[PDB]
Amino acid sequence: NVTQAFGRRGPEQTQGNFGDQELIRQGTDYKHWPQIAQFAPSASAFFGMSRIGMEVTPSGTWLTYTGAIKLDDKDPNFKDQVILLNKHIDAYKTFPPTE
């Protein structure tokens, strides 16, 4: 359960925005998870390519990170990959309301 582990999907800076109802429920058991997970950076990549900061606040000490991964357009599955990613990005905006 992704929301139990990493909190609810929403627009706030402190929230994650990635995941549709199927992914949030099935976590890493999701049908297409491996096709998503391939874009997650290795430790080398994460510290190599990212903008890393350290911020101290009431809540504690945070390791901030920013970057962007260039998707390989020469990859045969590129068209399917962008669709799968686009599907889960801000997917919370399509979730039926609670009330």
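A residue's number is simply how far along the shown sequence it sits, counting from 1. Rigid core: the largest C-alpha set superposing within 1.5 Å between the two forms.
- Core superposition of the other structures onto this form places the C-alphas of 52 to 60 farther off in 9 other deposited structures of this protein than those of the other stretch among 52 to 60 and 28 to 36.
- Of the two segments examined, 20 to 28 and 71 to 79, it is 71 to 79 that shows the higher average Cα temperature factor in the deposited entry.
- Once the C-alpha B-factors are averaged per stretch, 38 to 46 and 58 to 66 rank with 58 to 66 first.
- In the deposited entry, the Cα temperature factor of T3 sits in the bottom third of values across the chain's modelled residues.
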